[PDB]
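> Quick one: this structure, given as structure tokens, is what I'll be asking you about.
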Amino acid sequence: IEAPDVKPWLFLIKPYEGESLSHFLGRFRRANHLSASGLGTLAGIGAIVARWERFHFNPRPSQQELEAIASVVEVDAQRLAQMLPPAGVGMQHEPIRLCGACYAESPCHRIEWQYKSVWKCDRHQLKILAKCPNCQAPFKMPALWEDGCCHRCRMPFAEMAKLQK
Amino acid sequence: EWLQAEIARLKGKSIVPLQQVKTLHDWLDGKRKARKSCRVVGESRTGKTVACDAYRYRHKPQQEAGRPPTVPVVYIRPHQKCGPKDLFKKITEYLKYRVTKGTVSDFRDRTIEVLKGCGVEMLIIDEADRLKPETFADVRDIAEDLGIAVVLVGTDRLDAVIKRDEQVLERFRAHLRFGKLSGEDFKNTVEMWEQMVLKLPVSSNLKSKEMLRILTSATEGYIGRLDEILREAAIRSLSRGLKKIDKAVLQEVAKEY
Amino acid sequence: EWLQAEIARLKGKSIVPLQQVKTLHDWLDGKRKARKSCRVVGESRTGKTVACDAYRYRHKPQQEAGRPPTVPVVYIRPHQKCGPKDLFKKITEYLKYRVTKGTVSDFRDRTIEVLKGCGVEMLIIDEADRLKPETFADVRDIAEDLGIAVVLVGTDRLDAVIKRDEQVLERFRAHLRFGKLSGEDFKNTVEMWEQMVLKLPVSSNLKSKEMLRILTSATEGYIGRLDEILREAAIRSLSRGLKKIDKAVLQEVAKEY
Amino acid sequence: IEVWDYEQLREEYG
DNA sequence: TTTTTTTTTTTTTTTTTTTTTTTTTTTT
DNA sequence: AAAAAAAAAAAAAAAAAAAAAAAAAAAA
Ligand SMILES: Nc1ncnc2c1ncn2[C@@H]1O[C@H](COP(=O)(O)OP(=O)(O)OP(=O)(O)O)[C@@H](O)[C@H]1O
Ligand SMILES: Nc1ncnc2c1ncn2[C@@H]1O[C@H](COP(=O)(O)OP(=O)(O)OP(=O)(O)O)[C@@H](O)[C@H]1O
Ligand SMILES: [Mg+2]
Ligand SMILES: [Mg+2]
């Protein structure tokens, strides 16, 4: 029989302050090698989670998919709740904005950048990117980011911060 | 009822230290630190599987509240005609990791992620010859990619399978063999079994020449047969209200084998 | 603890510029500039994988401030029964870009884009006989489409696979073979290994006639065995507090092989 | 002659 | 009276491959 | 007040083949 005094488990990650949901779930899927359907399956909440990765949130199933999923990612309902805009505010969609100046501190994405009113970073004092400055492509969901490398134009991403502001 | 308590005991299982077992434990340890793969061979009733259990238990897995465990030794047993998917699945389950549907390459990527991080030093594969010939590609891959010693355990047929492929023969060339009981060793065993396993109030005094003749012919040196036979003899004997094992009841049991 | 520090070292790996290795590196270079495909053959313990790896590392990927890395040499190893999708996926990962989800034609189109632009001159495929017979269509395709030399590395079986298809045999007709150690070459190796790998305080002095007999019988010319054997002998020897490898401990190890 | 550690090459990798 | 040695079908498997049915999520 | 175009998970279906297995046959 299998080994004694253990329980079922998976690999856990820690959120960063301000971290967005789509981003967080992506890290999780990568750390544990699985599909969104897979997450939804371990979870028992259906296929619904895949559009979360591209920011579509009709609901806040706070006591349903969201109270439930804490048990898989080991993060509580409230910390998780904080990974989405408060009811009624924010709600930007198509361009994905980024301040690479913060990447020197931590690769991440900060969800505040996707509230409709934003165009500047106050913490680093500057114009937020809404498009890549070199190849002039829009960016892919935070959810699908790899190693802090640009496919369109490889650089350190962080290396880009001297320019544009 | 006193008698029922005793019958339930005899019906069960236990581990008795023996020389064969000690030898293996020290040999494997050498191999574990040296990180070298090897195989263990011997006849099917020598008690190879049990020595391997006794070993596993001497190294308690450790666990903290949050991060993943440290599991120095992993022991698995394959199913007949084991494929590449079946091997990864069993490795992943033995560590109580949650996983479901995916393709072979996906179980492979996952197997290397759970084997890493989690301290694993040795993998032991029982019934080793149930592996399909292609799976050895995955067994070698792990052994060479990760600092993990792989031990193959089996009967003489295992070597007949291995010699069919030079790539495998060479990684697993070193070996240890289990043997049978004989002479003074069979006699001392019998005596240990009486004091350490049977324990009847009446004292049997088995080592007697006329009794070892019965057992020797009946068991032919296999520890497997020796155990079954003396246990069937104490249980039958007690059910009949006797306080010891005599010559005739032992012969009555041995005759059925 | 001084002893622990040393055991950990001995348990590790290193690359020694042997005579066999020097030749391959020059041969491949010829092939690289000439842009021609070829194959390398030899027995499984001759150290083919290591000679080929050592080569890869002598040509570090280069990087400018703007464009993608230039990567002259790509080294990959397939899984067993490798399919057409599996080959592209590994080439794409090797070059640090990952595309996920699509069909076979999509992996192919993407493989040609990363192989282009990024300078690639040579592709090395280890254990080439893990390839499924149809995948060679994709290996030839790349070799003919892009000015990339493809090298197939493997055992005698590789040629049994290749000779079953004229289309492949002809692109990959040229070959180099690895051999075994012998005569003066086996002796010179032994001596190098003592000074370059073991490094005990007290010279064990193995090239001595009496000791080489033990090693020759034990190793039969495979560099693989020679390395395992001398390392297992220094580790066992130190664990017992000895300052050198002697005759009896070497025989104690060799007996197990 | 130069001899290399096996993991070193990885530590110095491009 | 056994020992290779050759040919051959029946099956079993694991991709993969294209495809419809459905359910959705938002915008004036 | 309400409808429309779609990205994706899911679903039989074929689908070709690698390998183990089942006979057939020739001599000393
Ligand atoms: N150290 C031991 N203590 C007690 N019983 C033992 C010991 N070793 C072997 N046995 C006996 O052998 C049996 C276990 O099977 P055993 O190891 O003899 O065969 P095995 O090698 O597992 O068979 P196979 O290799 O074919 O799976 C038990 O019933 C037990 O009575
Ligand atoms: N230059 C070298 N220095 C030290 N050891 C070497 C060298 N070349 C080969 N080896 C030995 O060979 C082993 C590495 O595998 P090897 O070089 O045999 O690859 P390979 O021959 O391609 O194996 P296979 O063909 O079975 O896949 C190491 O354990 C090492 O001891
Ligand atoms: Mg067993
Ligand atoms: Mg190799």
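> What percent antiparallel are the DSSP beta bridges of the protein assembly as shown, to the nearest 5? Write down the numbers at each step before the final one.
Values: 9 of 42 bridges.
Approximately 20 percent, going by the DSSP bridge assignments.
> Also, quick follow-up: In nm, one decimal, shortest first: how far is the label point of B:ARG157 (7 Å from Cα along Cα to beta carbon) from the matching points in the other copies?
2.1
> If packing is taken as the average number of other Cβ atoms within 10 Å across a peptide's residues, how do A:120-130, B:38-48 rank, most packed first?
Numbers: A:120-130: 14.1, B:38-48: 19.6.
Sorting A:120-130, B:38-48 by mean packing, highest first, produces B:38-48, A:120-130.
> Would you mind checking which residues have amide H under 5 Å from C:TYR75's amide H? H placed 1.01 Å from N; only 5 or more apart, or other chain.
C:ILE124
> May I ask for the Kirkwood hydrodynamic radius of chain B, worked out over all distinct Cα pairs and given in angstroms to one decimal? Before the final figure, lay out the partial values.
Working: mean 1/r = 0.0481 Å⁻¹.
For chain B, the Kirkwood estimate is 20.8 Å.
> Specify the inter-centroid distance of the range B:191-257 and the range C:136-187, based on alpha-carbon positions, in whole Å.
Using only Cα atoms, the two centres lie 65 Å from each other.
> Work out from phi, with θ = phi - 60° and the Karplus expression 6.51 cos²θ - 1.76 cosθ + 1.60, the ³J(HN,Hα) of each residue of the range B:101-106, listed in order in whole Hz, and give x for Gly and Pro.
Rounded to whole hertz, the list is 5, x, 9, 4, 5, 7.
> With 18 Å as the cut-off, how large is the P(r) tail for the range B:18-145, expressed as percent of Cα-Cα pairs? Let's see the in-between values first.
Values: 4628 of 8128 pairs.
Of the Cα pairs, 57 percent sit more than 18 Å apart.
> With labels modelled as points extended 7 Å from the Cα through the Cβ direction, what inter-label distance (nm, one decimal) is found for B:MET196 paired with B:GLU43?
2.1
> Between the helical axis of B:209-219 and the dominant principal axis of chain B, each derived from Cα atoms, what acute angle in degrees is found, rounded to the nearest 10?
Once rounded, one gets 40 degrees.
> Express the relative contact order of chain C as a whole percentage, based on alpha carbon pairs under 8 Å and six or more residues apart in sequence. Could you put the intermediate results ahead of the total?
Working: 308 pairs, mean separation 63.3, N = 257.
In percent, rounded to a whole number, it is 25.
> What list of ³J(HN,Hα) values in whole Hz, one per residue of the range C:4-19 in order, does the Karplus curve 6.51 cos²θ - 1.76 cosθ + 1.60 (θ = phi - 60°) give from phi, with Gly and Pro shown as x?
Per residue, the Karplus-derived 3J(HN,Hα) values read 4, 4, 5, 5, 4, 5, 5, 6, x, 9, 8, 10, 10, x, 6, 4 Hz.
> Compute the Rg/Rh shape ratio of the range C:75-178: radius of gyration over Kirkwood radius, all on alpha-carbon atoms. Mind dumping the intermediate values first?
Details: Rg = 13.4 Å, Rh = 14.2 Å.
A ratio of 0.94.
> Now, a different point. Count the net charge of all other residues whose Cβ sits under 12 Å from the Cβ of A:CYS121, scoring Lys and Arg as +1 and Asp and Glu as -1. Walk me through the numbers on the way to the answer.
Details: positive: A:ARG97, A:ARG110, A:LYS120, A:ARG123, A:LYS127, A:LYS165; negative: A:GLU112, A:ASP122.
Around A:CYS121, the surrounding residues sum to +4.
> Using Cα centres only, tell me the gap between the range B:39-95 and the range B:108-135 in whole Å.
Here the two parts' Cα centres lie 9 Å apart.
> Can you compute the modelled spin-label distance between B:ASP246 and C:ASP165, with each label point 7 Å from Cα toward Cβ, in nm?
7.9
> Could I ask something else about it? Based on Cα positions only, what radius of gyration and what Dmax would you give for the range C:1-89, in angstroms?
My reading of the Cα-based Rg and Dmax gives 17.6, 53 Å.
> Additional query: To confirm my reading of the symmetry, which residue of chain C has the Cβ nearest the axis that brings C onto B, and what whole-Å distance does it have?
C:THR103, 13
> So the label point sits 7 Å from Cα along the Cα-to-Cβ vector; using that for B:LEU176, what distances do you get to the other copies, in nanometres, sorted shortest first?
B:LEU176 label point versus its equivalents elsewhere: 4.3 nm.
> Now for a separate question. Between B:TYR222 and B:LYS89, what is 0.36 nm times their sequence separation minus the Cα-Cα distance? Round to one decimal in nm. List each step's numbers first, then the result.
Numbers: separation 133, 0.36 × 133 = 47.88 nm, distance 3.40 nm.
Gain in length upon complete extension: 44.5 nm.
> I'd like to know which of A:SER22, B:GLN195, C:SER208 lies farthest towards the positive end of the charge dipole of the protein assembly as shown, counting +1 on Cβ of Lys and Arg and -1 on Cβ of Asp and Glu.
A:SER22
> Could you list which residues have their amide H under 5 Å from that of B:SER37, counting only those 5 or more apart in sequence or on another chain, with H placed in the peptide plane?
B:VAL150
> Would you grab the residues whose amide H sits under 5 Å from the one on A:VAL75? Only those 5+ places off in sequence or on another chain, please, with H modelled 1.01 Å from N.
Here nothing satisfies the definition.
> Taking a ≥ b ≥ c as the square roots of the Cα gyration tensor eigenvalues, with a/c under 1.5 meaning rounded and otherwise prolate when a/b beats b/c, else oblate, which class fits the protein assembly as shown? Can you show the working numbers first?
Numbers: a/c = 2.32, a/b = 1.38, b/c = 1.68.
Judged from the Cα gyration tensor, the protein assembly as shown comes out oblate (a/c at least 1.5, b/c at or above a/b).
> Between copies, how far apart are the B:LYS116 label points? List them in nm, one decimal, shortest first, with each point 7 Å from Cα toward Cβ, please?
The answer, with the shortest distance listed first, is 3.3 nm.
> What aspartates and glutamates does A:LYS127 reach when the alpha-carbon gap must be under 16 Å and sequence neighbours fewer than 8 apart in one chain are set aside?
Counting by Cα, and skipping residues close in sequence, A:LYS127 has these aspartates and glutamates nearby: A:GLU112.
> For chain A, calculate the relative contact order in percent as a whole number, restricting contacts to Cα pairs under 8 Å that are 6 or more residues apart.
Values: 180 pairs, mean separation 38.3, N = 165.
The value is 23 percent.
> Which ³J(HN,Hα) values, rounded to whole Hz and listed in residue order, are derived for the range A:83-92 from phi using the Karplus coefficients 6.51, -1.76 and 1.60 in 6.51 cos²θ - 1.76 cosθ + 1.60 with θ = phi - 60°, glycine and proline given as x?
Using θ = phi - 60°, the values come out as 8, 10, x, x, 3, x, 10, x, 6, 7 Hz.
A quick note on method: Cβ atoms are made from the backbone with ideal geometry, for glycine too, and the neighbour counts reach across all protein chains shown. Taken together, the values in this text are just the output of simple stated rules run on the coordinates, not laboratory data.
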